[PDB]
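*Asks:* Sequence, then the experimental structure. Questions to follow.
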Amino acid sequence: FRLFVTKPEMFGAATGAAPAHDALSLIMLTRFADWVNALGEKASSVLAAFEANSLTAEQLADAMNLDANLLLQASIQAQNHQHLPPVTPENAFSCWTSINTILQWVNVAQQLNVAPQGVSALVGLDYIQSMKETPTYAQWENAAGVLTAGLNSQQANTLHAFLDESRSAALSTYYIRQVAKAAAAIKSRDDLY
Amino acid sequence: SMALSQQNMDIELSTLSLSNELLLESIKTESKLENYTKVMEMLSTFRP
Amino acid sequence: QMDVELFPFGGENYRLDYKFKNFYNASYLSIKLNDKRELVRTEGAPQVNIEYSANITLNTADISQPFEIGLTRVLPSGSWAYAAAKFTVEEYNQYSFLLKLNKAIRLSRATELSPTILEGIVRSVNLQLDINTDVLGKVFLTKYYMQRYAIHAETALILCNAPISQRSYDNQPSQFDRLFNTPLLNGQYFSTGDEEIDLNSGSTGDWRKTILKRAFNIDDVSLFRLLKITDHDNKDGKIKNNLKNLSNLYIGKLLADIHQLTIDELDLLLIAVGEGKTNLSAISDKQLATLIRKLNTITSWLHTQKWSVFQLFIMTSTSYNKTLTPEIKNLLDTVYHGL
């Protein structure tokens, strides 16, 4: 709370700006205090390295009981994507907004049971962002496999049951329009059966 | 062409997967495509 | 895709029966031995579910090793369907066969292991199919690991440092195929070749890396961590596609699973044990069994203490954080003014 008064930029405020007791600033102080309390007994070592500019991905992952390569890859994908405010290697673990941004790459990756670059492959399939370079069918096929590999055995059975029902609506309608001979007057899917 | 084997009599599989297999064979033969994944490529693009 | 059959009827005379399940309009068929000696060339497109026969010759240089008979249906285009089977032949006189059959029946009846499981134990110990004292030691550990960790025989084979079996039996697919090929990822079959798989943490690799993640139920980051447990000497994150490296990765994942650990909790625990620099790639049978007892002793101990591996690693780690905290700064100010 000394650091938030004296150095508000380290908590995401603008440069040389007086701090706010705004409701958007009260919610980040609570999310900062929940973040410190989750660190547990290693919270003093993180905050002392956060008050200096010495906090690294390997150090914060030790306190979070995460893999060090997880926060390294989450920091890499945060710096490569267009965040507002941006995540620079200078402030990747110096600003709280950049730390909060990098951890959202972790939480989305843990939710989907993928790596952070699997999430990066997923946000690269954005439609209007890739109107410049259109993703091929292979890039969708690779991104589908990465997400499929993170499923357990019950969700995989729910997956392939839904895909077969989805393909059958497609393959029947394609067969009737394009493949079926005209001598068989096949109009509907009941006529195809 | 189907083999009258003990496995074709015993083991159970989805009726829908056997129906999707039959549609994919005919579409591969009609469109003259290599495998099933090229069939899924053209259905990703096919508008009419 | 295929059913390949090999029948001896003399010295170096073999009948090769084969049958295709899937149709390809092929220009010709080419059966080759170890992709080096073309056994049979047939100039038509072979029909499905027709059992075609062929008489081939196999000299003792090929009989001596596990050899591979590959069947190639070449399309009118450059494309070509391919499938292969790996044959292991061995010969006995009638006395030594019945004596080895005696050992197999007496052991499988006493242990309730399958004969396919027992062959996996014997081939893991020595090259010849001989049951000795070192075989029976792995038979004990196989039965012990099923009781202790509630796993199957073929899973306990992996913990007794045997490779993943590519042999299907009892109308089940093989341990290889249930791990890697159920279902086929995008209609692609995963085989053990020599192809490299880049297991780096930010790789976004091929479909073969996706096969490893679906098999082992881990992401890219835990798969790279599983690699360094397997081998600490990998400078790059690249391994070849052979069965030895796939088994060594599956040893490390099983050690995490049977103790209810993640890969990250496994690496901290192997450091905490003292096995932090011993890699599972080149490990003995005795050292692997010793490493499992060390993991079994400590994991069971952590449940009675009601501790985490994370709590254990704090008390055990020799790597210390070099960051001046207010707690240490109070220690420095008190000892300064006190002394």
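*Replies:* Now that the structure is in, tell me what you want to look at. Numbering: from 1, shown residues only, chains lettered A, B, ... in the order given.
*Asks:* Just give the number of residues close to residue A:116.
*Replies:* When neighbours are counted by other Cβ atoms under 10 Å in any protein chain shown, residue A:116 registers 28. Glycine gets a C-beta too; all of them are placed from N, C-alpha and C.
*Asks:* Near chain B, which residues of the stretch 51-200 of chain C are found?
*Replies:* Within the stretch 51-200 of chain C, the residues that sit near chain B (Cβ under 8 Å from any Cβ of the partner chain) are C:79, C:171, C:186-187.
*Asks:* Please indicate which of those are buried?
*Replies:* residue C:186 (16 or more other Cβ atoms under 10 Å in any protein chain shown).
*Asks:* Widest-spaced pair of the residues of the stretch 51-200 of chain C next to chain B?
*Replies:* Farthest-apart pair in those is C:79 and C:171; separation 32.4 Å (Cβ to Cβ).
*Asks:* Return the residues of chain B in contact with chain A.
*Replies:* Counting by Cβ under 8 Å from any Cβ, chain B sits next to chain A at B:14, B:16-17, B:19-20, B:23-24, B:26-27, B:30, B:37, B:40-41, B:43-44, B:46, B:48.
*Asks:* contacts with chain C among the residues you listed, please.
*Replies:* Okay, of the residues of chain B next to chain A touching chain C (Cβ under 8 Å from any Cβ), that's residue B:37.
*Asks:* Can you check which helix is longest in the chain?
*Replies:* No chain in the question, so chain A it is. helix A:153-174 (DSSP state H).
*Asks:* hmm, I had chain C in mind actually
*Replies:* helix C:285-305.
*Asks:* Show the secondary-structure elements that the next helix or strand after it is packed against.
*Replies:* Downstream of helix C:285-305, the next assigned helix or strand under DSSP states H and E is helix C:309-316. When contacts are defined as 3 or more Cβ pairs under 8 Å, 6 or more residues apart in numbering or on different chains; DSSP states H and E, helix C:309-316 sits against helix C:263-273, helix C:285-305.
*Asks:* Whether the longest one contacts chain A - can you check?
*Replies:* No: figure legend: helix C:285-305 not in contact with chain A (Cβ under 8 Å from any Cβ); closest approach 14.7 Å.
*Asks:* So which bits of that helix are buried?
*Replies:* Buried residues in helix C:285-305 (16+ other Cβ under 10 Å): C:285, C:288-289, C:291-292, C:294-295, C:299, C:302.
*Asks:* Grab the nearest non-local neighbour of the residue of chain A found nearest chain B.
*Replies:* Distances between chain A and chain B by Cβ to the nearest Cβ are smallest at residue A:171, namely 4.0 Å. The shortest distance from residue A:171 to any non-neighbouring residue, by Cβ to Cβ, 6 or more residues apart in numbering or on different chains, is to residue B:23 (4.0 Å).
*Asks:* just the helices in the stretch 51-200 of chain C please.
*Replies:* Per DSSP state H, counting those that start in this stretch, the stretch 51-200 of chain C carries helices over the ranges C:60-63, C:94-111, C:115-125, C:133-149, C:153-159, C:175-180.
*Asks:* Please name whichever of those is nearest to residue C:209.
*Replies:* Once these are compared by Cβ to Cβ, helix C:175-180 is nearest, at 12.2 Å.
*Asks:* packing partners for the closest one?
*Replies:* helix C:207-216, helix C:243-257.
*Asks:* ok so, going back, and the longest helix of chain A, what's buried?
*Replies:* A:164, A:167-168, A:171-172, A:174.
*Asks:* Stretch C:176-195 now?
*Replies:* C:176-177, C:179-181, C:185-186, C:190, C:192.
*Asks:* Now do it: distance to the chain's middle.
*Replies:* Distance, stretch centre to chain centre, for stretch C:176-195: 13 Å (Cα atoms, centre = their mean, to the nearest Å).
*Asks:* End to end on that stretch, go ahead and measure it.
*Replies:* Between the opening and closing residues of stretch C:176-195 lies a distance of 17 Å (Cα to Cα, to the nearest Å).
*Asks:* how about the residues of chain A near chain C?
*Replies:* A:41-42, A:44-45, A:48-49, A:54, A:59, A:62, A:65-67, A:69-70, A:72-73, A:76, A:109, A:113-115, A:117-118, A:121, A:141-142, A:145-146, A:148-150, A:152, A:160.
*Asks:* quick one: residue B:44 and residue A:137 touch, right?
*Replies:* Yes: using Cβ atoms under 8 Å, residue B:44 is in contact with residue A:137, at 5.8 Å.
*Asks:* which of those two has more neighbours?
*Replies:* Using other Cβ under 10 Å as the criterion, residue B:44 and residue A:137 rank with residue A:137 on top: 14 against 11.
*Asks:* so how many other residues sit close to the residue nearest to the more buried one when sequence neighbours are not counted?
*Replies:* Nearest residue to residue A:137, sequence neighbours excluded (Cβ to Cβ, 6+ apart): residue B:41, at 4.9 Å. Residue neighbour count, defined by other Cβ under 10 Å, stands at 17 for residue B:41.
*Asks:* Check residue C:43 too.
*Replies:* 9.
*Asks:* you'd agree it is up against residue C:26?
*Replies:* No: using Cβ under 8 Å, residue C:43 is not in contact with residue C:26, being 9.5 Å away.
*Asks:* What about residue B:30, how many residues nearby?
*Replies:* Neighbours of residue B:30 (other Cβ under 10 Å): 14.
*Asks:* from memory it sits against residue A:181, does it?
*Replies:* No: using Cβ under 8 Å, residue B:30 is not in contact with residue A:181, being 10.3 Å away.
*Asks:* Now chain B against chain C: closest residue?
*Replies:* Closest point on chain B to chain C, by Cβ to the nearest Cβ, is residue B:3, at 4.1 Å.
*Asks:* how about the residue lying closest to that residue once chain neighbours are set aside, what does it touch?
*Replies:* In space, residue B:3 comes closest to residue C:49 once its chain neighbours are excluded; the distance is 4.1 Å by Cβ to Cβ, 6+ apart. Residue C:49 is in contact with B:1-3, C:19-21, counting by Cβ atoms under 8 Å, 6 or more residues apart in numbering or on different chains.
*Asks:* which one of those has the most neighbours?
*Replies:* Neighbour-wise, those (other Cβ under 10 Å) top out at residue C:20, 23 neighbours.
*Asks:* Now that that residue has come up, it's in contact with residue C:44, right?
*Replies:* No: if you go by Cβ under 8 Å, residue C:20 and residue C:44 don't touch, sitting 11.8 Å apart.
*Asks:* Would you mind listing what in chain A touches chain B?
*Replies:* A:137, A:140-141, A:164-165, A:167-168, A:170-172, A:174-175, A:177-179.
*Asks:* what about the helices in chain B?
*Replies:* Using DSSP H, helices in chain B cover B:6-10, B:15-31, B:36-43.
*Asks:* Could you tell me which residues of the stretch 101-250 of chain C lie near chain A?
*Replies:* C:183, C:185-186, C:201-204, C:207, C:210, C:213-214, C:217, C:219-222, C:224-225.
*Asks:* Show me which of these are buried.
*Replies:* Counted by 16+ other Cβ under 10 Å, those give C:185-186, C:201-204, C:207, C:210, C:213-214, C:219-222, C:224-225 as buried.
*Asks:* picking up where we left off before, now the residue nearest to residue A:137: how far from residue C:116?
*Replies:* As judged by Cβ to Cβ, to the nearest Å, residue B:41 and residue C:116 stand 41 Å apart.
*Asks:* still on that earlier bit, of the buried residues of stretch C:176-195, closest to chain B?
*Replies:* Nearest member of those to chain B, counting by Cβ to the nearest Cβ, is residue C:186, at 5.7 Å.
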